[PDB]
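Q: I'd like to ask you about the structure that follows.
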Amino acid sequence: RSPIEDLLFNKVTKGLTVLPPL
Amino acid sequence: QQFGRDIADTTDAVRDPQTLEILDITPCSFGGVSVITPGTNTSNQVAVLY
Numbered sequence: 815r816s817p818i819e820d821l822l823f824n825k826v827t856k857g858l859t860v861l862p863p864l
Numbered sequence: 563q564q565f566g567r568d569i570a571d572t573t574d575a576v577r578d579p580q581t582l583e584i585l586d587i588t589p590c591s592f593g594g595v596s597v598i599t600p601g602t603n604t605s606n607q608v609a610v611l612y
């Protein structure tokens, strides 16, 4: 990953479940 | 304190009524299951996915 993409990734923080994206 | 409630307002950690030992509550396997299969005209093999 480019450092720009690293910065964007770092700057973003019972029946129901979260399916991982394809 | 006797027992606590999580964000879901359910009993997740309860102590014994007399003993001071505390036991956490974690539900066991309750998730869904999906079946991956091709068309019935081709074959009948299936896959089990959790």
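Protein chains in written order, with the authors' numbering: chain A, 815 to 827, 856 to 864; chain B, 563 to 612. The beta carbon of each residue, even a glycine, is placed where N, CA and C say it ideally should be.
(1) What does a CB cutoff of less than 6 Å around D586 (chain B) pick up in its chain, not counting 5 residues either side in sequence?
(2) Helix, strand or coil: which one does DSSP assign to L821 (chain A)?
(3) Could you tell me how far apart the beta carbons of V608 (chain B) and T602 (chain B) are, in whole angstroms, since I believe they sit closer than 8 Å?
(4) So what does DSSP say about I569 (chain B), is it helix, strand or coil?
(5) Just reading off the beta strand (DSSP E) that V597 (chain B) is part of, what are its end residues?
A: According to the structure shown:
(1) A575
(2) helix
(3) Incorrect: roughly 11 Å between the Cβ atoms, too far for contact.
(4) coil
(5) 596-598
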